[PDB]
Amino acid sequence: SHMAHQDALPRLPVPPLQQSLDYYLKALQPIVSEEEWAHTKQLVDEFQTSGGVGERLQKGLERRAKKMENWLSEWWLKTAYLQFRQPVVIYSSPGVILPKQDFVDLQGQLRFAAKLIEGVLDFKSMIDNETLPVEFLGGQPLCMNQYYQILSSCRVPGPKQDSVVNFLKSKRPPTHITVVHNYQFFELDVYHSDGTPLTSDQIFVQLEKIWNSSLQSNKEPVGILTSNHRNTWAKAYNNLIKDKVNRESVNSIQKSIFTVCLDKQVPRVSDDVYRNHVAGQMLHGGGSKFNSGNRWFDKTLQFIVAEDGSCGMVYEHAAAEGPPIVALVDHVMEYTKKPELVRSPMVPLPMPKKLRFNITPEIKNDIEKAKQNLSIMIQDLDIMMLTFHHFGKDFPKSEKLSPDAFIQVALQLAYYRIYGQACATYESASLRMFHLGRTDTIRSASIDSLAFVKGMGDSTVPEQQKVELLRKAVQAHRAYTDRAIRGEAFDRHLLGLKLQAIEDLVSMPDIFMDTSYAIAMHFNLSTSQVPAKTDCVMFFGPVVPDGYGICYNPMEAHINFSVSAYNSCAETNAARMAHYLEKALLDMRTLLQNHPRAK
């Protein structure tokens, strides 16, 4: 972003070694046995002793911090995404469901699409001019680098690891977006020769041409290839671009500012599962027979406009986290609600270029394989969308409690009620108060949360007592949160010590091969919060086979929830987890209301 802004932001620190180990042991207590904790406790002591292994690694991390803008940046990007070989679909690229629009016909669909496109270009103007407003979190300025990674970017399949291309600041920045309809991609210029952006009416005109240029799905769904395994896609991709035309098509897609997907009509399903299917449409596309082929999952920003008024998006996670994405969403949506000014006449426009694809037997085979793979992934995904209307941030605040911590503690209660034990829980924490900061880990399963969940279901404990336990659990979580955003958490630190050990060419420390660490990093509950003014919600698949993927948008009077799980694991059920979460949130409200503090 603006160099001046970034230069004033503090650099990502390296927490004290003994401090992070202390927090690590405390976070382990509720998720490991006494025997395992006692064992880990010894490993830690040895690990941190004077002249020991841990001390040498810590020294290394500190040297890394003095010779890089961010000691964690590249390591995280690589281990978290670039070296993650599983398909980006469902497993990595988050999905977003925006408020359903009111258009009732094709003209309306394109009308909103044209407006949305223009709204993105308006937001993009603040990026190209570095005039984008500064953001705060803990009362500190926030890194804006992510905003310069989302547009005109695209992920690239790699045989060993993937890469990312960014053309935003290239010699001649892209002035075109890509539009996908019935599996056919089109190169659409959204800027005039003089350098001014096209109008909503103009973009609309072009969308019509594009639409009439792909009235049937008689073209192979090449884009579906991008949903396969990264290793497989890498090879299929390397073959695909061997044709001049093909490479030219891919290149355009990769350089486009962003992609707009004009999805087709889907089988009218029951209302009790509608929202869930829409979530799937945005996350993976529904399937090869639906809209999955009308995508390109390597593209950083993909906006989706359904035929039934439904809309949303899916973005490639390597570029950024949710906050930056939603800020863009809020702006665009708020822009689509701008009263159309005086309609001015527009001269003829050029015919959007069609990004053709030369299909061969080999490519054909790759596509079919991609279909099979994607079909398996979809059939194994269990999603449950829950709109908590009972209340939002309003109640927790009236109780002088952090809404997020209230929600997280509720999740801990729900889980414990189902399984009778706590589990490694992950909650995304933003590290943007630091230059190039991405995220750190907040562990919702703690000593205090466990004391609460247990006492909560103990029919021998006074309600007055459960209240104290609840508030203490919430406060403990808020304290952990404050430390996380300030770079005082330990997960990224411990990861850094591990990677540092590898780089130093020393044997892998036992502390990292310890059972407790394996358990601590196996997140049965992987969660995050993505605030927004728009009544939208995000979702992603679980990070472990036997876990859940839970995301939410805490609003004032309600909370948009999303719960994912894998059908391959009989011990997990999205609907059930969501139901227990809803009930846990209510029981906590009931408990607090039954015992007011004020006199």
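Rigid core: the largest C-alpha set superposing within 1.5 Å between the two forms. Numbering starts at 1 and follows the sequence shown.
Comparing the two stretches 347 to 355 and 120 to 128 by root mean square C-alpha distance in 4 other deposited structures of this protein, with all structures fitted on the core, the more displaced one is 347 to 355.
After superposition on the rigid core, the larger root-mean-square Cα deviation in 4 other deposited structures of this protein belongs to 336 to 344, not to the other of 455 to 463 and 336 to 344. The mean Cα B-factor in the deposited entry runs higher for 93 to 101 than for the other of 93 to 101 and 439 to 447. Taking only CA atoms, the mean B-factor in the PDB entry is higher for 135 to 143 than for the other of 135 to 143 and 160 to 168. In this entry, the residue among 69, 62, 45, 556 with the greatest C-alpha B factor is 45. Ranking 387, 200, 149, 256 by the C-alpha B-factor listed in the PDB entry places 200 at the top. Ranked within its chain, residue 498 lands in the lowest third, by CA B factor from the PDB record.
Per the deposited record, the Cα B-factor of residue 107 falls in the highest third when ranked against the other modelled residues of its chain. Compared with the other modelled residues of the chain, the Cα B-factor recorded for residue 35 ranks in the highest third. Ranked by Cα temperature factor within the chain, residue 237 sits in the middle third according to the deposited record.
Sorting the modelled residues of the chain by their CA temperature factor places residue 416 in the lowest third.
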